[PDB]
Each structure stands twice: as structure tokens, then as C-alpha cells.
Amino acid sequence: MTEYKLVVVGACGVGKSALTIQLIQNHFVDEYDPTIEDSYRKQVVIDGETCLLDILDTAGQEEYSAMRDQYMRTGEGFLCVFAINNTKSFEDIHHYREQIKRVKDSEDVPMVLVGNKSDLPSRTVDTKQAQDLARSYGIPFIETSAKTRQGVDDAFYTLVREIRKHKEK
Ligand SMILES: CCC(=O)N1CC2(CCN(c3nc(OC4CCN(CC)CC4)nc4c(F)c(-c5c(C)ccc6[nH]ncc56)c(Cl)cc34)CC2)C1
Ligand SMILES: Nc1nc2c(ncn2[C@@H]2O[C@H](COP(=O)(O)OP(=O)(O)O)[C@@H](O)[C@H]2O)c(=O)[nH]1
Ligand SMILES: [Mg+2]
């Protein structure tokens, strides 16, 4: 069983917890405590390889943490999540990638950009915006809904494949 340390980042309210819970429990939670930051485990077979995913769902404080660095340092892949009806959460992606790059000291970190809440009408971040950003970074963009579960497996499996492509697992 190979292990993969995944870290889910993004602004409050984008659906980091809901996405993780969908993967790890197959249900949609509508009010998961915003103060709970924890690691979760899922056993999945991905391309005939039994994987144990260790998924860190971030929460809490924003100011430069020194132990944030630590878990961020050992994470092998990062889901960068924004919500398509939250323009600021998309803008914040520049900052999350900047910070991930600094800690990993690389422009080549396994990362997937996730645009969540695709089930909601009248998005404020259009697909072109998200594609242009993912293309600039050289990473996949995946649209998700934690509500309907559409794209959830895609997002997490893709990230596992990005980790494999960067390093032997
Ligand atoms: C509602 C509860 C909830 O769901 N959560 C998720 C939550 C975690 C904390 N989070 C962050 N916020 C900001 O900065 C803020 C001011 C500046 N704007 C842009 C100008 C962006 C926002 N920086 C962050 C940051 F740098 C990192 C980070 C990274 C990636 C890598 C190495 C690192 N070492 N140390 C911090 C750090 C991390 Cl992990 C989170 C935030 C806010 C959102 C709280
Ligand atoms: N319509 C819709 N709501 C969502 C989706 N994902 C999360 N939510 C809701 O958005 C709010 C924040 O979700 P949460 O997972 O707590 O976000 P976090 O703060 O990033 O962990 C909650 O009310 C969730 O039920 C989604 O895909 N669609
Ligand atoms: Mg949460």
C-alpha cells in the first residue's frame, strides 16, 4: 500500500471539507464546522494500485505559521480549491500557489486547480478564467460539485497521477 499525502487549500466556504467528505464518506454535508482541521484516510485502487490517501483539510488561522510550513512541506500534492461563485476565492489562488512554491522550493509541484460548486447558477468566475490560470501554472483544472459529487473522484485521482508523474511511488 503506497501512501499519498494530499493537502486541500483554499478560502473559507469554498467546499474543502465538503469535497473531502464526499470522497471519504460519500455524502454531502451542508454545515461542516469551519474550525475543524484534520487529516483523513481513504483506501482507493487507482490504476490497479492500492493507495492510502492521507488528506489534510486545512482550516483555522491565516498568519504566517511556522508549523504550517511543516505539514505543507511533507505534502506531496495540493488541491487548490476555489468556488465558481466566489471571485475572491479564485483571486486568492495566486497567493496559495506562491506560498506552496516557496515551501517546496519548486515551480514543479503536483497541484490540481479545482473550481467547486459547479451546480450553482450564474458563476462569477468563468471557465476561461480558470483554464487560463491552470494553463499558466502548467497544472490540470477540474470542475467539481461536492453537492452532486460530480468531478470529486476526478480531482483526487488526477492529483494522485500528478504526484506519480513527478516522482516514483
Ligand atoms: C474558514 C476556515 C477555513 O476553511 N480555512 C482555510 C483557511 C486557512 C488559512 N488560510 C490562509 N490564508 C492566507 O492568507 C490570507 C490573507 C492573504 N490573502 C491573499 C492576499 C489570502 C488569505 N494564507 C495562507 C497560507 F499562506 C497558507 C500557507 C501555505 C499555502 C503554505 C505554506 C504555509 N506556511 N504558512 C502558511 C502557509 C495556508 Cl495553508 C493558509 C492560508 C485562509 C483560509 C481558513
Ligand atoms: N451548492 C453547493 N454548496 C456547496 C458545495 N460545496 C460546499 N458547499 C457548501 O458550502 C459551504 C461551505 O462548505 P465547506 O465544505 O464547509 O467549506 P470549507 O470552508 O472550504 O471547508 C457549506 O454550506 C457547504 O454545504 C458545492 O459543490 N455546491
Ligand atoms: Mg472546512
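Residue numbers count from 1 along this sequence.
In the displayed structure, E31 atom CD is contacted under 6.0 Å by at most 12 heavy atoms of other residues, nucleotides or ligands. The environment of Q131 atom CD is dense: over 12 non-hydrogen atoms of other residues, nucleotides or ligands sit within 6.0 angstrom.
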Subject >> Test log, rule side chain to side chain contact (heavy atoms under 4.5 Å, CB included), inputs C51 and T2 >> reply: CA-CA 5 Å; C51 300; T2 134; 5.5 Å; no
Original post:
Could you go step by step and tell me if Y157 and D47 meet the side chain to side chain contact (heavy atoms under 4.5 Å, CB included) rule?
Top reply: CA-CA 9 Å; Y157 285 32; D47 312 304; over 6 Å; no
Subject >> Steps toward salt bridge (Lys or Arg N to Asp or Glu O under 4.0 Å) verdict (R102, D69) >> reply: CA-CA 10 Å; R102 174 193 56 80; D69 256 62; 3.0 Å; yes
**OP:** Check step by step if side chain to side chain contact (heavy atoms under 4.5 Å, CB included) holds for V160 and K169.
**Re:** CA-CA 10 Å; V160 168; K169 292 293 306 174; over 6 Å; no
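Nearest approach of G75 to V7, heavy atoms of both residues: CA-CG2, 4.0 Å. When all heavy atoms of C80 and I100 are compared, the closest pair comes out as SG-CD1, 4.0 Å. Here the closest non-hydrogen pair linking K42 and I24 is CB-CG1, 3.7 Å. Across all their heavy atoms, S145 and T148 have their closest contact at OG-N, 3.0 Å.
Between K117 and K147, the closest side-chain pair of non-hydrogen atoms is not below 4.5 Å. At a threshold of 4.5 Å between non-hydrogen side-chain atoms, the residues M72 and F78 count as touching. Counting heavy atoms from C-beta outward, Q129 and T124 have side chains that stay 4.5 Å or more apart. Side-chain contact between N26 and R149 is present, with at least one heavy-atom pair separated by less than 4.5 Å. Counting only heavy atoms from C-beta outward, the side chains of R164 and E49 approach each other to under 4.5 Å. Looking at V114 and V8, their side chains never come closer than 4.5 Å, going by heavy atoms from C-beta outward. Counting only heavy atoms from C-beta outward, the side chains of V112 and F156 never approach each other to under 4.5 Å. When side chains are defined from C-beta on, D92 does not count as touching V14, because their heavy atoms never get closer than 4.5 Å.
A distance-only check finds no donor-acceptor pair linking the side chain of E162 to the backbone of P110 [under 3.5 Å]. Using modelled atom types, one side-chain atom of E76 and one backbone atom of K5 make a donor-acceptor pair closer than 3.5 Å. Judged by distance alone, with hydrogens and angles left aside, the side-chain atoms of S89 form no donor-acceptor pair with the main-chain N or O of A11 at under 3.5 Å.
For the atom pair NZ (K101) and CD (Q99), the distance works out to 11.0 Å, reported to the nearest 0.5 Å. One distance of note links CG of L159 with CZ of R161; it measures 11.0 Å at 0.5 Å rounding. With values rounded to the nearest 0.5 angstrom, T158 atom OG1 is found 12.0 Å from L113 atom CG. Here OG of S106 is found 9.5 Å from CE of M111. Values are rounded to the nearest 0.5 Å. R41 CZ to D54 CG: the interatomic distance, rounded to the nearest 0.5 Å, is 3.5 Å. Once rounded to the nearest 0.5 Å, the distance linking CD1 of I55 with CG of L23 reads 5.0 Å.
Sequence neighbours left out, the pairs with a member in residues 7-21 that pass side chain to side chain donor-acceptor pair (under 3.5 Å) are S17-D57. Pairs engaging residues 13-59 under the ring pair (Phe, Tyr, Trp, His ring centres under 6.0 Å) rule: none recorded [sequence neighbours left out].
Taken together through direct or relayed side-chain contacts under 4.5 Å among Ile, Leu, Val, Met, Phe, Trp and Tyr, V45 and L6 form parts of separate hydrophobic clusters. Put simply, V29 and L19 are part of the same group of oily side chains (I, L, V, M, F, W, Y) that touch within less than 4.5 Å, one to the next.
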For a quick test of your reading: what N or O donor-acceptor pairs under 3.5 Å do the side chains of residues 133-144 make, sequence neighbours left out?
residue : atom : partner : partner atom : Å
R135    : NH1  : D132    : OD1          : 3.1
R135    : NH2  : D132    : OD1          : 3.0
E143    : OE1  : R123    : NH1          : 3.0
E143    : OE1  : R123    : NH2          : 3.1
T144    : OG1  : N116    : OD1          : 2.8

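For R73 and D105, the salt-bridge test fails: no basic side-chain N is under 4.0 Å from an acidic carboxylate O.
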